[PDB]
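Chains S, B, R and H supply the protein sequences, listed in that same order.
Numbering follows my numbering, in which position 13 of the first sequence is assigned residue number 13; successive positions increment by one, without gaps.
Here my numbering = 1-based position in the second sequence + 1000.
Here my numbering = 1-based position in the third sequence + 2000.
Here my numbering = 1-based position in the fourth sequence + 3000.
One structure is given here, and the rest of the page talks about it.
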Amino acid sequence: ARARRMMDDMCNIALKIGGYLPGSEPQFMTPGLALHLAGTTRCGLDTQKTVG
Amino acid sequence: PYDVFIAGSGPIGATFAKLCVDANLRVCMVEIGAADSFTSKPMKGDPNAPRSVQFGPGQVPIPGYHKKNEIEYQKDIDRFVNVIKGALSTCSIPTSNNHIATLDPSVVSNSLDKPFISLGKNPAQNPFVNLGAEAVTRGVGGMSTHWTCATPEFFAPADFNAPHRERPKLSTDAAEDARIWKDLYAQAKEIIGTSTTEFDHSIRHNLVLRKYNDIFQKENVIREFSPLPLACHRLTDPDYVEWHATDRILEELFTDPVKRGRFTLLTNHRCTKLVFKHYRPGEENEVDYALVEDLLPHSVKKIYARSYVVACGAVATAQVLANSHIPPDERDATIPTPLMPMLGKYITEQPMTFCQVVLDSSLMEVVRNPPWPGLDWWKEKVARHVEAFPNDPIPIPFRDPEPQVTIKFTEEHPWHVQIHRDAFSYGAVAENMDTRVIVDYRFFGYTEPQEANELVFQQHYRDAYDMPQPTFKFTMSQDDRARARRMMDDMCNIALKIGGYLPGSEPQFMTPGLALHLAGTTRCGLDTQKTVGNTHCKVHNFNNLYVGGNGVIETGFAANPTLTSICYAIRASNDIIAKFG
Amino acid sequence: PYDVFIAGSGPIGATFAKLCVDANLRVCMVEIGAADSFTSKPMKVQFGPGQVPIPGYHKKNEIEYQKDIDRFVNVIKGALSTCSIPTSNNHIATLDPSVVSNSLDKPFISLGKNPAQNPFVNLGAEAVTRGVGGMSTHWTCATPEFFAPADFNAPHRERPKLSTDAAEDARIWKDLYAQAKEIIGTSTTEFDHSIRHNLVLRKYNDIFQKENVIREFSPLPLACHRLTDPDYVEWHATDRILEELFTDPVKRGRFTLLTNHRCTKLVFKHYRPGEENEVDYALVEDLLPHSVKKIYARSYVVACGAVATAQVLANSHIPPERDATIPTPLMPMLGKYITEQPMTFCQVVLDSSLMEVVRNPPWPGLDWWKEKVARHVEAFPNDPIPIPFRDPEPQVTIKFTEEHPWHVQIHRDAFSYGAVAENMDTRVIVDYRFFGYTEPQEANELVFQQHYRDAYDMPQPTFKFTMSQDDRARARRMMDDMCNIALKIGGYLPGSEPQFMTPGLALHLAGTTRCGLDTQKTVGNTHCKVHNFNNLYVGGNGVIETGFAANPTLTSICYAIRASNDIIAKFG
Amino acid sequence: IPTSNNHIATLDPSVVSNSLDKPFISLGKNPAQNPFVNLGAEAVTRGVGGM
Ligand SMILES: *Cc1cc2c(cc1C)Nc1c([nH]c(=O)[nH]c1=O)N2C[C@H](O)[C@H](O)[C@H](O)COP(=O)(O)OP(=O)(O)OC[C@H]1O[C@@H](n2cnc3c(N)ncnc32)[C@H](O)[C@@H]1O
Ligand SMILES: *Cc1cc2c(cc1C)Nc1c([nH]c(=O)[nH]c1=O)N2C[C@H](O)[C@H](O)[C@H](O)COP(=O)(O)OP(=O)(O)OC[C@H]1O[C@@H](n2cnc3c(N)ncnc32)[C@H](O)[C@@H]1O
Ligand SMILES: [Mg+2]
């Protein structure tokens, strides 16, 4: 639900100062492209749900 | 002489023919293209008619039938895109001299100062002010053999002196203007067969229409969604629709032997030009004859009539009339048209944005359990499908018709919205998706009429039919641009309420001219100094010369023009009947 | 009862109709598609009173397509319905995360796909056209004969045997091919005043006369005629075959053509394999809205093309687990030994040195050429290409031989040029299409699904096709031959470098209802009568039992003649 | 990178090919990966200073 709203937000924002360049129209990217994977050795206060 | 000569056999030329032959006039129609799409109807009075099968004895073929009516295309709808592409001839293709660096070094090549000279290109066209996708269809029925059949009315504001209107003025009195339009639209809708109810039992249509109205009732600005008026009727087998075309306009001129004897249709015959009484600008004049050439070998003919109608579409009507400025017997020079000085000036065409979406997964639950009353037909169809295909993730039945939804133009959101499906050619990523959950969006804007926007015709370059090469000089205004941006924004906002963009069909502008709604090339109206013809589409200074088609329309409009152009063809035909009957 | 019932209105069905009506037989022909392409001719101005409309006219005859030939590719694509498209379940990684999607365990169930087709043994580009005239409303009209070797016991031949006697076989084929050529209007002269055609043909002959292995180039035989206005060609189609059945009211009175009518199946006297049988009636359905008819005739002909002929006959095995096919024990060789042609393709741009040939041809006496070049050069002095603007394409072939056993066409087909390629002028492009053959093998088959159906509710076709080792060896040689030949006169156009095409693209599928002398390995005899049925005949490329490389229509017309004559003898 | 067994319909018929029964076994693919629950663009950089 947030992903859809994000996409809607981007279209609204971008169009305030320009128009989409052909080939680079609004689109989702392949999952993982951000390279911001996290939580694989997750650390925090809840000992039973964390690695550290 | 014939009573009426008509160049062009699209739905406008056919309306003139129908009305004039129904008023007992004798009509000669010429069409540059072939008869290439047919249905079959019983000939009236033939004793074999009751028994008859299509195209068998007792029946007559009727040209100008919609090509999408063939069952193959009702079953495999995305194949129709190829038919449309096959039917469109691009008006103006500019030259280029690009280097191909990986040619084998022994082969013929272009160079910097020997470019190719290639058949089919227009050396005078500046690519930057072109309508590069503006195209024509030559054939009996014109573009009506493939059109999508949308027939909206044009918007008329509550204030008659509002700064913009889509519907042109036919009178300077607001009440009479309204009267006239209500009569013409009623008759145009009857001629073409407009309906807003032929998708009333589609799940997809009702899903989209009702959901959008529910969503937009809850927003700060209210927007109304309605069925798109379409010239079609769904058949007694509801899996099939008959899309309407020129065939229904011409029908009785073929089936009725009395009407047939007053109608002549010459196919593969080009109207090259009209020949006038004299060539002096500003003075009363008359057409003396039409110069027509038979393009098939078996040929130049003078056709005499009392009145002449040029209904060759927006490019070609102007083309014929430009060519007519060269009486019979600088490389980039164009043909001056001092007899019709506003010809090809104030041209308009619609900017267009497009996208497709995949419907939200959440809407599939609405399909399984819809909240609106009066939908037992929907529930039953769904239950049948779910029990026949219990592993199908999509609960929409397999042959459910597509949606056919519009938002009518308003001054507050001054563009025309279609939410539907057209045939489309899926790429390698997008053809992995099921057709049932795709919805297309096409938003059309308007452009202001400006004298400097023009269609002109080359003296020294010719098209494939030996007619003067068209050249476009088209640039949108700052206000046109601003609306076009708002339009794109609106399309993104609306599309994303019910689905997410399909890869390869994300929000984009299309090539200028792709709408094919070019107008104002022979513009008709009350302002005599800025128009080619009057509100009856009679050309100024010519007592017996009429024009038809989208070219007569003098406003900047965003909605599909065909219905309004039929109104003008009515109005012009009635003038011809009164003067020449 | 009619005398003859015919399912299908392609050029084969039309040949049976014409010959049977000419012999005073009453014919009912049914065609699943629409009449959608017409000309008009006078009864014994086009589309007025006095003229009669004739369906099955070639779509390319419309002037629009003679003036803009590359547009005609859209017409062909619009006409072809792919036979068997396998299912797939590809992940689309960039869908918006809220939209309907396939998953590993819940794939889409999509109209128009064949879950039973293994893609690795498919003919993925095999397709059909449904309409009056079948594929003849868009075909390229090439009508060569098939190769018959000097030795009647050669291990391969293209032309099937119609007798076990060599001389008699030769006599029969000589008569059939002459009559076939007249029916369809074959000519080899319609490009003889093209500069491009003559440059290609004469250059290649000059080149290959100087090589130690001689190869002969000749004009491609085409069912067409150039009109009196030589910018135009009338491409022939089923209209020419049916013409008299429409224009002569006596003949019109013996011929009924029902369009949008599916031959769903034939119903037989009984369903016991191996015993003499007959067709009782055809089950036909009117698909147009305004129901099911039994149509009775003395004889029945299924001429529905290679796939759909076998499809009707398979469906007829049903009197009126998921992947199970329809068993066909009444016709046990139905769909077995199927053949299709591997094809290689490229395009070249002509060598720059050939333009000086165009300017000053070295062959004497070509006044027509020099005059056209002179007019061009005077009107367009800065054109670097001296070939005239509306100069017709080349239409050149090398006839199949056993030493180079493929069929070569050197010509221009309608083509959609990419972003690199359409910067090149069309006058200097030449296309190469090389077609090979595949040996008939029992395991290569077309079968029909019990529980899957096509868009017209017929049993879904499924292909199982794998080429042999010798077929592959020949195909590599064919590719090498194409590279060698093409590079003599030009260089590969970027984007159209030498490549194999998708199997089935040739649309020369054969052997699905194979006819011949070996009763045990055939569906029908050399008169195309189905074994054990006294009144059932088949027509089309599916009857051809050999592995052939050349274009099959002319040869199928020969078989339609021969079958028609058997029908006329027996049921006249 | 998940495995796949796509048919290449235009390969020269004499060449090495995959089949329905005998897919390629190709270095660098993960036979365990379901493509529909993948992070197909997740990637690493090996070098001093990492990414
Ligand atoms: C191609 C197309 C068109 C439309 C839609 C979609 C597509 C892909 N969708 C559509 C449109 N219009 C609407 O209002 N609603 C929609 O959903 N389409 C446009 C519509 O199709 C046109 O507005 C309409 O046909 C215009 O009718 P017309 O004014 O009669 O003009 P046509 O172009 O149809 O026919 C002209 C006719 O004249 C012939 N001609 C041209 N030159 C000559 C000469 N010199 N001599 C004789 N005849 C000539 C043409 O060949 C043509 O047949
Ligand atoms: C599409 C195509 C075809 C060929 C060439 C190029 C292209 C792009 N070029 C060509 C070919 N052949 C040659 O010899 N030389 C060339 O240059 N083409 C193939 C050629 O077009 C065919 O070989 C020829 O038509 C075969 O004729 P036919 O045996 O009469 O078969 P058709 O497929 O033409 O017509 C069959 C007909 O039957 C109807 N049908 C199918 N099922 C039914 C059922 N159940 N009921 C009733 N009718 C049925 C089809 O609709 C079709 O009309
Ligand atoms: Mg009505």
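By construction, the Cβ of each residue, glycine as well, lies at the ideal position given by its N, Cα and C atoms.
Complete beta strand (DSSP E) runs within the segment 1219-1307 of chain B (minimum length 3 residues, chain order): 1230-1234, 1241-1243, 1263-1267, 1269-1276, 1287-1294 and 1300-1303
Beta carbon of R/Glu2182: closer than 6 Å to some heavy atom of ligand 3? no
For B/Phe1443, the nearest candidate out of B/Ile1494, B/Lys1530 and B/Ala1188 (CA to CA): Nearest C-alpha to B/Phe1443: B/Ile1494.
Looking at the C-beta of S/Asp9, does it have a partner C-beta in chain B at a distance below 7 Å? no
Can you find a heavy atom of ligand 5 that lies under 6 Å from the Cβ of B/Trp1147? Summarising the ligand content, the structure contains ligand 1, ligand 2 and ligand 3 and does not contain ligand 5.
Kindly say whether R/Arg2322, judged by its beta-carbon, lies nearer than 7 Å to any beta-carbon of chain B. So, not an interface residue.
Assuming B/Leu1274 contacts B/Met1029 (C-beta within less than 8 Å), just tell me the rounded distance between them. Actually they are not in contact, since the Cβ atoms of B/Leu1274 and B/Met1029 sit about 15 Å apart, beyond 8 Å.
Return the chain-ordered ranges of every alpha helix (DSSP H) run that is complete within the segment 2021-2109 of chain R and spans a minimum of 4 residues. 2063-2067 and 2072-2079
Distance, Cα to Cα, R/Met2135 vs R/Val2128? 7 Å
Less than 7 Å separating the beta-carbons of residue 1582 of chain B and B/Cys1567? Any answer about residue 1582 of chain B is impossible in this case: the structure gives chain B only from 1001 up to 1581.
Does the CB of S/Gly32 have a neighbour CB from chain H at under 7 Å? yes
Please determine whether the Cβ atom of R/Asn2551 lies at a distance below 6 Å from any heavy atom of ligand 2. yes
With 16 other CB atoms within 10 Å as the buried threshold, where does R/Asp2470 fall? exposed
In or out: B/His1244 buried (at least 16 other Cβ within 10 Å) or exposed? B/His1244 is buried by the Cβ-count criterion.
Can the beta-carbon of R/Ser2291 be found less than 7 Å from the beta-carbon of R/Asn2535? The criterion of a C-beta distance shorter than 7 Å is not satisfied by R/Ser2291 and R/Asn2535.
Return the residue from the list B/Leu1228, B/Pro1063 and B/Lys1085 that minimises the CA-CA distance to residue 1590 of chain B. There is no way to answer for residue 1590 of chain B, as the model of chain B reaches only from 1001 to 1581.
Segment limits, beta strand (DSSP E) that includes B/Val1439: Note, B/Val1439: beta strand (DSSP E), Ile1438 to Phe1444.
Any beta carbon from chain R within less than 7 Å of S/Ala3's own beta carbon? yes
Quick one: is R/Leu2019 buried, meaning 16 or more other Cβ sit within 10 Å of its Cβ, or exposed? So R/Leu2019 counts as buried.
Any heavy atom of ligand 1 closer than 6 Å to the CB of B/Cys1028? no
Using 10 angstroms around the beta-carbon of R/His2290, count the other beta-carbons present and answer buried if the total reaches 16, otherwise exposed. exposed
Could you list the residues in the segment 2441-2467 of chain R with a C-beta less than 8 Å from some C-beta on chain B, going in chain order? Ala2455 and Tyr2456
Between R/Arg2433 and chain D, is the shortest Cβ-Cβ distance under 7 Å, so that the two count as touching? No chain D appears in this structure, whose protein chains are S, B, R and H.
Residues of the segment 1126-1152 of chain B whose Cβ lies closer than 9 Å to any Cβ of chain R, in chain order: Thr1137, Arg1138, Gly1139 and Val1140
Do B/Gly1549 and B/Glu1349 count as a contact pair if the criterion is CB distance below 7 Å? no
If you drop the 5 nearest sequence neighbours on each side, which residues of the same chain put their C-beta closer than 7 Å to that of R/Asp2566? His2527 and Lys2529
By the three-class DSSP mapping on this structure, what secondary structure does residue 2573 of chain R have? Residue 2573 of chain R lies beyond the range of chain R shown here (2001 to 2572); nothing can be said about it.
When every heavy atom of ligand 2 is checked, does at least one fall within less than 6 Å of the C-beta of R/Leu2507? yes
If you count every other CB in all the chains shown that lies within 10 Å of the CB of B/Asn1432, and 16 or more means buried, which is it? When all chains shown are included, B/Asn1432 counts as buried.
Check the DSSP bridge columns for R/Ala2154 and list the partner residues they point to. Answer is none; R/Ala2154 lacks a bridge partner.
Looking only at its chain, what residues have a beta carbon closer than 6 Å to the beta carbon of B/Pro1063, apart from the 5 residues adjacent to it on each side? Cβ neighbours of B/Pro1063 beyond the five flanking positions: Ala1035, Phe1038 and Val1140.
Can you name the start and end residues of the beta strand (DSSP E) that B/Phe1580 belongs to? No beta strand (DSSP E) holds B/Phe1580; the alpha helix (DSSP H) holding it covers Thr1562 to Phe1580.
Would you mind reading off the limits of the alpha helix (DSSP H) that contains residue 987 of chain B? No answer is possible for residue 987 of chain B: the residues shown for chain B start at 1001 and end at 1581.
Since R/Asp2383 sits in a beta bridge, which residues does DSSP pair it with? Per the DSSP secondary-structure output, R/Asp2383 pairs with nothing in a beta bridge.
Determine the direct distance from the alpha carbon of B/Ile1438 to that of B/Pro1395, and round the result to whole angstroms. If I take the Cα positions, the gap works out to 14 Å.
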